[PDB]
Amino acid sequence: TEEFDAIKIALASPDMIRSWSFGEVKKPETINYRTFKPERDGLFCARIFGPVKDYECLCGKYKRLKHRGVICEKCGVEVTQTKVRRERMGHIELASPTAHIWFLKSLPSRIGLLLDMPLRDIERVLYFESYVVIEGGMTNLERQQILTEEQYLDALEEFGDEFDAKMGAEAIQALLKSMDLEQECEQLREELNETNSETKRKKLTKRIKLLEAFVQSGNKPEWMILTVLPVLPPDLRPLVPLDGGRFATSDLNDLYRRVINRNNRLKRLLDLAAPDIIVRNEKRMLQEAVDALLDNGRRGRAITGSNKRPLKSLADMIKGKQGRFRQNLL
Amino acid sequence: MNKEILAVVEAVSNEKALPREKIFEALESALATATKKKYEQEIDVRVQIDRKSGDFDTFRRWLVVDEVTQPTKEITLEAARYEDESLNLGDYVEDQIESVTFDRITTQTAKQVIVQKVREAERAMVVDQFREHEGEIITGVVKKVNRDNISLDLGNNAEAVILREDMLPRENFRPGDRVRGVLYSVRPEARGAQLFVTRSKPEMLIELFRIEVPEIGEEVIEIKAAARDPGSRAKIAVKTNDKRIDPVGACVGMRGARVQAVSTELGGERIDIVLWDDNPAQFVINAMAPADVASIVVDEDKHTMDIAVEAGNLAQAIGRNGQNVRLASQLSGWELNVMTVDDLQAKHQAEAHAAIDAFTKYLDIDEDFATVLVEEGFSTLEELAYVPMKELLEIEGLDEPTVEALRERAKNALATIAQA
Amino acid sequence: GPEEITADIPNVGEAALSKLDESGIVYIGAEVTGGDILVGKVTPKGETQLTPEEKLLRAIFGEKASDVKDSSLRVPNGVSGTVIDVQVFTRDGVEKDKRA
Amino acid sequence: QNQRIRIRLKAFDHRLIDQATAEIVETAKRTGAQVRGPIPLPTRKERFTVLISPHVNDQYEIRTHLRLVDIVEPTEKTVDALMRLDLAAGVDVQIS
Amino acid sequence: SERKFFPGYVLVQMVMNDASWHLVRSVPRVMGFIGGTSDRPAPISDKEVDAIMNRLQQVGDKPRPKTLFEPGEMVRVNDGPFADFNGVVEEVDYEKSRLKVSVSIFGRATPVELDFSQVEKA
Amino acid sequence: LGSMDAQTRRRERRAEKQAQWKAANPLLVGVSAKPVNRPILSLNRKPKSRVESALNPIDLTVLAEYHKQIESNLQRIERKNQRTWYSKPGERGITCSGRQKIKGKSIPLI
RNA sequence: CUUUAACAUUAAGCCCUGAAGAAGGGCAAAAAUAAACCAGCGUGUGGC
Ligand SMILES: [Zn+2]
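Quick note, the sequences are listed as chains Y, A, X, E, G and N, same order.
Throughout, PDB author numbering is defined as the position within the first sequence, counted from one, plus 13.
One point on numbering: in PDB author numbering, the residue at position 234 of the second sequence is 234, and numbering is uninterrupted.
Throughout, PDB author numbering is defined as the position within the third sequence, counted from one, plus 845.
Reading the fourth sequence from the start, the letters are residues 2 to 58, 63 to 101 in PDB author numbering.
Throughout, PDB author numbering is defined as the position within the fifth sequence, counted from one, plus 59.
One point on numbering: in PDB author numbering, the residue at position 10 of the sixth sequence is 7, and numbering is uninterrupted.
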């Protein structure tokens, strides 16, 4: 827009994401290309994002400039310009919650600095190798104490319904909002007024400056974990028109297809009362797939057929000598 | 040349019951369009394509005429003598063989001519279905229940459509229900819906009274007028020819057992079976069968039928929104006004006061002559100048130049109102 | 529908068709410049026909040509010269054009 | 073709059901086979009351008749015409 | 179609010595075991194996295909002149093998004697 | 004897309005539907018998045969064209190459 | 038993605006969503 002052930034709430989006992608297939109409509820669509041509239903009903605004029912497509195809977001509702990769691996670890917990412990929680304890109560165990399967089994012998121990991203999500914010600040300020050792004062001033900045913002510790993941307007990652047959795919489209396939398979496995080992493995696969989507560099894994180069994730479209600061905005 | 055309013919080679030589005639008519008027001016062509060998015979001819105009197509009487009198003025028969030329535009318009021939053949098939089936009671099982219409297979691989405005507002059927309807509309040239079926038009009620009561079809009882408002209220007029049969008492039937079954078809819709009369006022008196009518003043020049109702019988006569008496209007063909005691008294006093004001203002007359014109029964100025003089010369106390001056004043008043 | 190598191109003059022969290909040795037609290629353009019977007659009788979009290989801008050699390569199955 | 075919036929009004019986005889004779019946029933009265206000301190007899149609050798056109016909509202054409 | 119940997972009986480990891992298309930890895969629980052997016990039919049928159920008829029409059955004669089905035709119940193979149970 | 309409009692609520306004004024002019736009179609229905329509319903079997003929002929022609245009070359590979390139133009933007 | 029987039609609301029984709405309740017609990115080479 025009006549705007300072740019503002903050984290993004799930309800903010539902305020953004214009439909929920469900099918991992791009286009049918028998006829070159886009498939409904795919990564491309017309009811979700917008009209394929200008001022036309996908069904091909209303073709006149004096019918603007009223949608079709043959295709559900609002008759508008194709510029709308550049600007409407989309959302995907995940089966399991999912850890953001930047806030895990910026290395000052935001989760680890927030919870006062080392990074490798949080890593082997998120990749399904351990447990944390969430309000153990009348229990020998403490809160941030982590276990293995054997200590978990022995605790289930001991305090079988007392402690509440989970694993995966839901466990970290449980630990985040279970923590208050004012009490930690006042307790650690009193402890810094009761401390003379220097390195302890360094770490504690870091932690209370983190907490004071985190409270003086608007946001919350729930929002570092994803629940609803947004997708880019499909003109902004276009499908390459080849000459003869098939269309050449981008990198983002392959990554979204992999994520949506994994999400649908996990949702069906939750629908059929699967055993626990398989849903643990599938949640680890989905966490790794979103970590492959947001930044391919921390796990240099996603390579395509006939070209064993790393695919360009969303963070690779900003950094470097070709991202949108050095390349296209200067 | 002949191989491609023969491949088209063998490709379009339908059954022997389907016309295949009309395909030859249509494609040679397309060739005659692309060859006769080509491209602007001005020649003639004949072209005939055999079916057995598939070899075109394109005789590029000219029209035999001895006319002093149009020299571009003329053949005189010498070739008629060479013909030994088998041709006359207008025909073209000679034997100059010309090769068939092609073009993008000629092949395009030949495609257009043949596909319009095929659409006319589809039109011919729908009309051949429609001659036996001009309009009938259909009883079909639904194929698809869509959100706007349902379709019916009526045997031997046919289809009929009926939308939601042709049905009752509460019809929601299931697969396997023999529903009954009336074909009413057809558009064989249109590619879309071609057989319109209804259930909520009064021709369905005509067909119900024809199927139910036999003597209506046996030329005893004459149903002339009908009107409905579906699910709620309807009226229908019957008239006997044999005086031995009561028309209302038989069309209602014993205990109303017939039309109540018709009320099964329409869902409680109260159908007033009344007697047709030639006098429209007495017909409207007969038409309000669950009501009572006191008096009706009919003025068809003003398109009014003022109906007087008795006191207390207003709600049963009017009903909901004044519709059924309006349906009685649709039963009468004339505008029947809604019946109300005090409103019609106010309307009659309005007509009387308007007549008095017009007589005292626009005629330049005295009070007694206007009193005579009010008491005669003439409330408008239209029946004072166009009326014959046999009713005006009999007025006592007025001679001939005075009544001629009064007719002149009436014509001047009508010219003043007509130019106001 | 397929594409043609015919010399029939709408919306162009007669003079640009002069260097072409009747088969749709410029002669060996015609000195052309930038912009003229080397090889005349046309594409079908419906756009909306959707008739399950008309497409049967168009694919045989209607030339495989109903409405035509120009897709002829033209000379790029600036370059000039003299056409010294033409090669024609036909798939097994299509009958060869007379210039081939 | 389920050749053992029974039909009972209800009659409130004798004229309408005689008309329908003549239509059944016509649509059975114009398809190839021959029809039998009716062999009618005598007067079977009904016990049906009316909705009338009681007196502080119509009809009683409903003449209904039955008719019988037996078919032992049908055709496909006969049962098709028995499944493609129309009737008057309020009467029964129950093929037992 | 015939859907695989778990896409891309195999349930395998073992006794879990290290020879069994290196036997399974020396099979040309096998990715590693899925357990609670590496070097010791967790065995699956007992109520889950009972629930996964129970979810393959629904393919047992005959009874009751057509020969055991209740009265008072609106079903369909596919044979005779009443082919593909709905109707309410009145009684079920198991001895005579004749269903007395009143087909709802013209908004009216028409009773007729039919067979179990001549009707469609709906 | 019901008279349980909302518009009726609302008109009875505003009876003073129609009592004051209709002093030397008409009451209502409301036109209905006319039988001119209604085809009666009642010339003859005596040969239009129900049992004759039972023996003779409507028919579009020839339409289905014609449509099946069109579909079968078009399927044969398109199967032959997609058979000899997307064939597989044998043991040696694609014996030519596409080589198609598109240059640029100077396109104004008025 | 002395020369053909039959008057039927009981169901869908309440409120506001409006010259009305011309029309415009909300709320107690719900099955069900042809055509005449303007006009790229990833490798290599080389240069500075
Ligand atoms: Zn649409």
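Cβ atoms here follow ideal geometry from the backbone N, Cα and C, with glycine treated the same way.
**Request:** For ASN145/G, count neighbouring C-beta atoms within 10 Å of its own C-beta (all shown protein chains included) and say buried if the count is 16 or more, exposed if not.
**Result:** Buried is the call here.
**Asked** Count the other CB atoms within 10 Å of the CB of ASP304/Y; is the residue buried (16 or more) or exposed (fewer)?
**Response** Counting every other CB atom within 10 Å of its CB across the protein chains shown gives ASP304/Y a total of 16 or more, marking it as buried.
**Request:** Could you work out which residue in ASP229/A, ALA291/A, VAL113/A is closest to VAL274/A when comparing CA atoms only?
**Result:** The shortest C-alpha separation from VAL274/A is found at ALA291/A.
**Asked** Mind checking whether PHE57/Y and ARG101/Y have CB atoms under 8 Å apart?
**Response** With a cutoff of 8 Å on beta-carbon distance, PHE57/Y and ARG101/Y are scored as not near each other.
**Prompt:** Hey, quick one: how far does the beta strand (DSSP E) through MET305/A stretch, first residue to last?
**Reply:** In the DSSP assignment, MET305/A falls within the beta strand (DSSP E) that extends over 304 to 309.
**Prompt:** At a CB-CB cut-off below 8 Å, which residues of chain A make contact with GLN4/N?
**Reply:** For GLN4/N, the C-beta contacts it makes with chain A under 8 Å involve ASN321, in order along the chain.
**Inter-residue Cα distance where the pair is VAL161/A and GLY140/A** = CA-to-CA, the gap between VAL161/A and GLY140/A works out to about 11 Å.
**Request:** Give a yes or no on whether the minimum CB-CB distance between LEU10/E and chain G is below 8 Å.
**Result:** Chain G, which has no Cβ nearer than 8 Å to the Cβ of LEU10/E, makes this no.
**Message:** Since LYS111/A and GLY907/X should fall inside the 8 Å C-beta cutoff, what is the C-beta to C-beta distance between them, to a whole number of angstroms?
**Reply:** Contact holds; Cβ gap of about 4 Å.
**Message:** In the DSSP assignment, the beta strand (DSSP E) including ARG7/E goes from what residue to what residue?
**Reply:** 6 to 12 is the span of the beta strand (DSSP E), which, as asked, contains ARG7/E.
**Message:** On the CB-based measure, 16 or more other CB atoms within 10 Å of its CB, does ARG48/E come out buried or exposed?
**Reply:** It is exposed - the Cβ of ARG48/E has fewer than 16 other Cβ atoms within 10 Å.
**Prompt:** Any heavy atom of ligand 1 closer than 7 Å to the CB of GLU69/Y?
**Reply:** The answer is no for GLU69/Y.
**Prompt:** When Cβ atoms are compared, which residues of the region 272 to 289 of chain Y fall closer than 9 Å to chain G?
**Reply:** Residues of the region 272 to 289 of chain Y with a C-beta atom less than 9 Å from some C-beta of chain G are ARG278, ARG281, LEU282, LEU285, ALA286, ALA287, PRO288, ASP289, listed in chain order.
**CA-to-CA distance, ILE93/G to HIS80/Y, given in whole angstroms** = Distance between the alpha carbons of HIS80/Y and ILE93/G is about 58 Å.
**Request:** Output the distance between the C-alpha atoms of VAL142/A and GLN260/A, rounded to the nearest integer angstrom.
**Result:** If you draw a straight line from the Cα of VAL142/A to the Cα of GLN260/A, it comes to about 26 Å.
**Proximity test, Cβ basis, 8 Å: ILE23/A and chain X** = Not one beta carbon of chain X lies nearer than 8 Å to the beta carbon of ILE23/A.
**Item:** Cut-off 7 Å between Cβ atoms - residues of its own chain near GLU179/G, not counting five sequence neighbours on either side
**Value:** Here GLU179/G has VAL134, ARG135, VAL136, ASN137 as same chain residues with Cβ atoms under 7 Å from its own Cβ, once five neighbours each way along the sequence are excluded.
**Prompt:** Quick one: is the Cβ of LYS864/X within less than 7 Å of any heavy atom of ligand 1?
**Reply:** False, no ligand heavy atom lies under 7 Å from that Cβ.
**Prompt:** Between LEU63/A and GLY135/A, is the Cβ-Cβ spacing less than 8 Å?
**Reply:** No.
**Request:** State yes or no: is the C-beta of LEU282/Y within less than 8 Å of the C-beta of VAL292/Y?
**Result:** Yes.
**Prompt:** Thinking C-beta only, is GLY89/Y closer than 8 Å to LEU139/Y?
**Reply:** No. Outside cutoff.
**Message:** I'd like to know whether the C-beta of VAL48/N is nearer than 8 Å to at least one C-beta of chain E.
**Reply:** Output row for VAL48/N: interface = yes.
**Asked** How far does the alpha helix (DSSP H) with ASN277/Y in it reach, from first residue to last?
**Response** Unbroken alpha helix (DSSP H) run through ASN277/Y: 265 to 284.
**Cβ of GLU107/G within 8 Å of any chain Y Cβ** = Closer than 8 Å: yes.
**Message:** Would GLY146/G pass as an interface residue toward chain E - the criterion being a Cβ-Cβ separation below 8 Å?
**Reply:** At a cut-off of 8 Å between beta-carbon atoms, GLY146/G makes no contact with chain E.
**Request:** Quick one: using the 10 Å Cβ neighbour count with 16 as the cut-off for buried, is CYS93/N buried or exposed?
**Result:** Counting other Cβ atoms within 10 Å of its Cβ, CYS93/N stays below 16 and is therefore classed as exposed.
**Message:** Does the structure place the region 70 to 84 of chain A close enough to the region 14 to 29 of chain A that three or more beta carbon pairs sit under 8 Å?
**Reply:** Using a C-beta cut-off of 8 Å, the region 14 to 29 of chain A makes no contact with the region 70 to 84 of chain A, since fewer than three inter-stretch Cβ pairs fall below that distance.
**Asked** Along the chain, which unbroken stretches of the alpha helix (DSSP H) at least 4 residues long are found entirely within the region 223 to 265 of chain A?
**Response** List check, alpha helix (DSSP H) in window: 247 to 252.
**Item:** Cβ shell of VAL933/X (< 6 Å), same chain only, five flanking positions each side left out
**Value:** Counting only Cβ-Cβ distances below 6 Å, and skipping sequence neighbours, we find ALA945.
**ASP44/A to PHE59/A span [Cα, whole Å]** = So the two alpha carbons sit approximately 9 Å from each other.
**Request:** State buried or exposed for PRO43/E, treating a residue as buried only when at least 16 other CB atoms are found within 10 Å of its CB.
**Result:** It is exposed - the Cβ of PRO43/E has fewer than 16 other Cβ atoms within 10 Å.
**Item:** Whole-angstrom distance between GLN72/G and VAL108/G, CA atom to CA atom
**Value:** Cα to Cα, the separation comes out at about 12 Å.
**Item:** Residue range of the alpha helix (DSSP H) that includes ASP85/E
**Value:** DSSP places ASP85/E inside the alpha helix (DSSP H), whose first and last residues are 81 to 86.
**Message:** Relative to the C-alpha of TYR63/N, which candidate in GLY891/X, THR878/X, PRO897/X, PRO921/X has its C-alpha closest?
**Reply:** Comparing Cα-Cα distances from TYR63/N to each of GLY891/X, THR878/X, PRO897/X, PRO921/X, the minimum goes to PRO897/X.
**Asked** Under the three-state reduction of DSSP, which class applies to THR927/X: helix, strand or coil?
**Response** Correct three-state label for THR927/X: coil.
**Item:** DSSP state of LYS361/A mapped onto helix, strand, coil
**Value:** Correct three-state label for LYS361/A: helix.
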